[PDB]
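Okay, structure first, notes after.
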Amino acid sequence: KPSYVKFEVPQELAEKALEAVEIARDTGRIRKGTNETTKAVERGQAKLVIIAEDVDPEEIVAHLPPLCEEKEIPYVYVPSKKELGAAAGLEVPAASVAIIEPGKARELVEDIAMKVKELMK
Amino acid sequence: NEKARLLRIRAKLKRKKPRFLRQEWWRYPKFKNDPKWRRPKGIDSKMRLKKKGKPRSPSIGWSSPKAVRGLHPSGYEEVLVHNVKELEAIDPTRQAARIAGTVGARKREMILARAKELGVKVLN
Amino acid sequence: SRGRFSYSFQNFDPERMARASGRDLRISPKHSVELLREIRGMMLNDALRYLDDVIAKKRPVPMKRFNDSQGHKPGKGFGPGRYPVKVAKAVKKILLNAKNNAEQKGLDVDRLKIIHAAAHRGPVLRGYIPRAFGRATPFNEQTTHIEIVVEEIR
Amino acid sequence: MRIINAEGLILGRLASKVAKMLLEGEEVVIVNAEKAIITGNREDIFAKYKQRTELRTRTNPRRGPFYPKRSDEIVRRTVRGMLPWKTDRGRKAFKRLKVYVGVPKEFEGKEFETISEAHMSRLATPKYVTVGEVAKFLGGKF
Amino acid sequence: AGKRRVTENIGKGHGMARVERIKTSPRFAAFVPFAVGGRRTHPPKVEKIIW
RNA sequence: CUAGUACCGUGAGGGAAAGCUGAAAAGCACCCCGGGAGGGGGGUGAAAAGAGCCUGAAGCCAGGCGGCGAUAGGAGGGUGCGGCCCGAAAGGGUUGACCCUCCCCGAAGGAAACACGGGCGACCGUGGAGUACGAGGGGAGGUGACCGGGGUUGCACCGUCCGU
RNA sequence: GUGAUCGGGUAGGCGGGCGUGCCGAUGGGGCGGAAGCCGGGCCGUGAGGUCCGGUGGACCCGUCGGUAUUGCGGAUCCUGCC
RNA sequence: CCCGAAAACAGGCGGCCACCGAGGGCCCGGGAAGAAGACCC
C-alpha cells in the first residue's frame, strides 16, 4: 500500500487496460518506461496510461500522479509487472506504460475512460 | 564508488583474459571433448619457452581484486540452499540464494514463498 | 509396424507423407549413395523410368565421390559414370512399397514427390579368405539400409 | 585516373613514386614508356637484361621466370618488384595500373603530368640508355 | 593371481613390441602388470601392519 | 554363464570369449504391398523398453540446416578490426542496453599557426606555453532495445608440430 | 608498514590447494524424478566447481576426522571397436 | 617450323537467338580416328 496509490481498483478495469495496451501493441504507438511516459505527458502526446502496483521502491512512480492529474487523462492501475512486460512484449518487468494512437481499441479506450471517470466521481 | 570501480576492473580483466588450454587441443578429439589446462613440460616445447605467436599460460597476475573476488555480476555473494533452515540465516543485503538442483518442486514451492517474504533474492 | 529402427527425417506429417524402408540389404552403400543423390528431388514415376533405363544400361549414373580407376562415358557431363543394377532393383522395390502406402493412406499417386532418400551402413558379416605364407584376411559383406519419404503435392 | 608521361624520366624513381600512389589507392596510366631512360653503361645493362631473359626452369619452362622483352612490360615489372606481390593488397594495387607505348587516341587531347623527383635534369653524366634500345637488343616488338 | 600363464617373447625385429605372449592362438599377452589379465604391480597384502 | 569347456599340438603339454525386457508376456489381434527376410498402418503398456531387448558415450557413416567455396602458399594457431547465422532459461538490461553530446579534476608526458631575431643551409633560440591535449576518476542530460557470449569466415600483422 | 637494493628457469629441494573410491560421526536431498549422458550460462590465475534445458528411471551429496589396487598422450604398451 | 585466348587489359569480325526457344547431346549406319572419353563422314 504505497504512497503513490490513491484508490482501490476492481479487476475488469485493469484487465481491460492490459488487453488494451496489447491490442494497441498490435499497430499504434506505445512508450514503455517512466522517462518516456513523463516526456509524453509533458508534450501532451499521451492519451491513455497504465501503472503497476508492486513498483518498489516508489520514488519513480510516486511523482507521476502529480503529472496525470493536471493532464487529466485516464491512468489505470494493474497489479502485476510481468503482465505488463508481456503486454508490451518484453522479458523485463514494466512499471508504467503510455499508450497513444489506439487502433483496434478506440472502443475499449472510450469504455475504460468512462468507467475510470465514474471512479473519479 | 570503490566497489563499482573494482567491478569494472574485473569486467575488463575477465573479458581480455584468454581461455587457458593445452598445447594442441584443436588437433585430437580426445582433447576437444575435454578442454582443460595442463602445464607443458617438454624440453623443446614453445609454450613452455613463451615465444611470440603461441598461446599463453596462467599466472597469479590475472587474479581479480580480493573485495569482489567470487561475486555475482549482480554484486551479491552466492549461497547454496537445500531447505528453509538454510534459507533463513541469510543477510538479504549482501547475500543471495541459489537453490540446489536436486531439490524437488514440492519443496521449491515452500522455499520460494519464504524467500519472497523475508526479502531474499533468488537467482534461479 | 515393428519398432526396430527409426528415420533421420524430422517434422513428418502423417496426412501428407508416406514412408518406406529396406533393411539389411546386400548391396554397396557407396553406389546407393550415388544413385539416391540422383533420384532425390524428383517424382516417383520419373524415378521409376530412370531406374528402368539404368537397369537396361541405356543411361549412366555419374560418380562424384567414389571414382578411382573409372572411365568416362558418351555425351555431356561425363566425367566418371557407372551402371548399377542390384541397387536399382532394390530401390525400385522400396519405391513400390511407398506408392502402395500412399495409396492405402488416401494420397493420389500421380502427384507424389520424393523428398527424402537416405542410405545407411548396416552391420558387417565377417568371413575370411586364405592367402599366402600362412595368413587369412577379412573377406566381409557390407550391408545397407535405405529410407524413403514421399509427399503429395498441391 | 592520373596520367603520367615517361619522357625524360628515370625508371626506378618513377616506379617508386607510382607504387606508393597505387598503394594509397589511385589509378595510374603511363604513356610513352619507350622514352624513359636507364643510367649506366650499355654493355652492363644489356648483359643484365639478357641474363634475365635466359633464366628458366630446367624441368618445365611452362613455369619459369617470365622476364619480358617489351618496354611497357619492363616498366610494369619494375613497378611490380616495388610492391608486395604475394598479398591481396599488392595484387589489387598492381591491377590498378596500365602502361602504354605511345599515346593512344583514347588518351589523346589530355593534359599529362610529370614527377619532379625523377628527371634527366638532375644528372651530371652523359651516360644513359633508353628502354627502347634495350627492347631492340632483346628482340621485342616496339 | 595373474601368475598362472606360460609365455614366450617375440624378440626384436618383428614390428612388434617385446612383450610376453602365449603360444596358442589368439596369442594374447600375459603375466605382465600392464596386460589385461596379468598380475597387479603393487597389490594389497596380509603382511601389513594396521595395529 | 552347458569352464579346465570349446579349440590348438604326434606327445609331454597349452588355453579363451561370453551377465541385466518389463510390475505382469500383457512377447504385437487384424488389414495393404512383397517370391520371401521384411516394410507400412493399427493395437498392449506408466513408458517400445520389441527379445538384433536397462542406460546407450566417443571414433566412424549418411542426410538436413548455417557459414566459406574453381587467380590460389604454409605445422592448420595468436593479436586486432569487420561480414553472415543462432540467441527461451541459467548473464546484464525499460528502476533503462548500445551509441551521442556537455562540464569539472587530471599523472608521466606534451604541440602547432604566428611575431622577433641567429645559421650558406637542414634547422634552431625567446615569446606563444607548460597553453590545446592527455590514462583514468566524478557528475548532468537527450535516445529508446539491445549488449556480453557462441558458430563460421574476410583483411592486416605475427608464427618451421608433439615426446626423447 | 617497507621493498631503486622482491617477481625468467632444466636437474633438484620446500610450501599450499583441486579431484577419485571406502570407513567413523555430523547435517541434508530424492518417483512433484537420484546417479550417468548431451548442449549451454556463471564463478574461478588454474586444477575445477555449480546452475538451466533436454534424455534417463533409483539412489546421492556436503563439513570434520581417518584410510587407499587414488589422477595418463606416449612404454616399436595391453584389450575391444572403427 | 611446332604449341598456343586461362594472354586476369581472361581478345577481334561476321551472323543467329534471348531481354515458346538459337543451338547442343543421347540414339541409328559406319572409319580415313581411337586404351575410356574425344575426333571425322
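Letters A, B, ... mark the chains of the C-alpha cells in the order given; residue numbers begin at 1 per chain; ligand numbers begin at 1, in order shown.
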
At most 7 Å to chain F: residues in chain B, only C-alpha atoms (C1' of nucleotides), as an MDAnalysis selection string: chainID B and resid 53:55

Residues within 8 Å of residue B:120, only C-alpha atoms (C1' of nucleotides), excluding chain neighbours under 5 positions, as a PDB file with C-alpha atoms, in the first residue's frame:
```
ATOM      1  CA  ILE B  90      20.942 -15.129   5.271  1.00  0.00           C
ATOM      2  CA  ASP B  91      21.561 -11.375   5.017  1.00  0.00           C
ATOM      3  CA  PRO B  92      19.413 -10.076   2.119  1.00  0.00           C
ATOM      4  CA  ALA B  96      21.724 -14.168  -2.345  1.00  0.00           C
ATOM      5  CA  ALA B  97      20.248 -17.647  -2.592  1.00  0.00           C
ATOM      6  CA  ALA B 115      12.168 -16.123   0.338  1.00  0.00           C
TER       7      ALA B 115
END
```

Give me the chain B side of the contact with chain G, cut-off 8 Å, one line per residue showing its nearest atom pair and distance in Å at one decimal, counting only C-alpha atoms (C1' of nucleotides), sorted by chain and residue number, as CSV.
```
residue,atom,partner,partner_atom,distance
B:37,CA,G:46,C1',7.5
B:58,CA,G:45,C1',5.3
B:59,CA,G:45,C1',4.9
B:60,CA,G:45,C1',4.8
B:61,CA,G:45,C1',6.7
B:62,CA,G:45,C1',5.2
B:63,CA,G:45,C1',5.3
B:70,CA,G:43,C1',6.0
B:71,CA,G:43,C1',7.4
B:72,CA,G:43,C1',7.3
B:82,CA,G:29,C1',7.2
B:100,CA,G:51,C1',7.8
B:101,CA,G:51,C1',7.2
B:102,CA,G:29,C1',6.6
B:103,CA,G:29,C1',6.5
B:104,CA,G:32,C1',6.5
B:105,CA,G:32,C1',5.4
B:106,CA,G:32,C1',5.4
B:124,CA,G:51,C1',7.8
```

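Close contacts of stretch 43-49 of chain D, defined as residues with an atom at most 8 Å away when counting only C-alpha atoms (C1' of nucleotides), with chain neighbours fewer than 4 positions off set aside, comprise residues 53, 134, 137 and 138 of chain D.
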
Grab the residues selected above and save them as a CSV table (one decimal), in the first residue's frame with N, CA, C and O atoms.
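Heads up, here's the output in out05.csv:
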```
chain,number,residue,atom,x,y,z
D,53,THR,N,66.6,-12.6,-69.3
D,53,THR,CA,65.7,-13.3,-70.3
D,53,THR,C,66.0,-14.8,-70.4
D,53,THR,O,65.1,-15.6,-70.5
D,134,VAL,N,67.0,-1.0,-75.2
D,134,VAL,CA,67.1,-2.3,-74.5
D,134,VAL,C,66.2,-3.3,-75.2
D,134,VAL,O,66.5,-4.5,-75.4
D,137,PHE,N,67.5,-4.5,-78.5
D,137,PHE,CA,68.6,-5.5,-78.3
D,137,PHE,C,68.0,-6.9,-77.9
D,137,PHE,O,68.4,-7.9,-78.5
D,138,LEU,N,67.0,-6.9,-77.1
D,138,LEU,CA,66.4,-8.2,-76.6
D,138,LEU,C,65.6,-8.9,-77.7
D,138,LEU,O,65.4,-10.1,-77.6
```

DSSP-assigned strand (DSSP E or B) among stretch 4-122 of chain D, expressed as a VMD selection string: chain D and resid 4 to 5 10 28 to 31 37 to 39 97 to 99 113

Residue subset to file, keeping C-alpha atoms, as a PDB file, in the first residue's frame:
```pdb
ATOM      1  CA  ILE D   4      51.974  10.252 -66.417  1.00  0.00           C
ATOM      2  CA  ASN D   5      54.278  10.911 -69.371  1.00  0.00           C
ATOM      3  CA  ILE D  10      64.289   7.883 -64.565  1.00  0.00           C
ATOM      4  CA  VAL D  28      47.670   5.303 -62.869  1.00  0.00           C
ATOM      5  CA  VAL D  29      48.269   5.310 -66.611  1.00  0.00           C
ATOM      6  CA  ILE D  30      51.774   5.670 -68.031  1.00  0.00           C
ATOM      7  CA  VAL D  31      52.293   6.740 -71.630  1.00  0.00           C
ATOM      8  CA  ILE D  37      65.991   6.397 -69.586  1.00  0.00           C
ATOM      9  CA  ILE D  38      68.215   3.936 -67.759  1.00  0.00           C
ATOM     10  CA  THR D  39      71.520   5.113 -66.340  1.00  0.00           C
ATOM     11  CA  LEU D  97      47.991   0.077 -63.235  1.00  0.00           C
ATOM     12  CA  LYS D  98      48.171   0.364 -67.019  1.00  0.00           C
ATOM     13  CA  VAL D  99      51.204   1.074 -69.207  1.00  0.00           C
ATOM     14  CA  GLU D 113      51.763  15.108 -65.507  1.00  0.00           C
TER      15      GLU D 113
END
```

Rows by chain and residue number, chain D within 12 Å of chain F, shortest pair, only C-alpha atoms (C1' of nucleotides), as CSV:
```
residue,atom,partner,partner_atom,distance
D:86,CA,F:73,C1',8.8
D:87,CA,F:156,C1',10.3
D:88,CA,F:155,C1',9.0
D:89,CA,F:155,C1',9.1
D:91,CA,F:71,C1',10.0
D:92,CA,F:71,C1',11.8
```
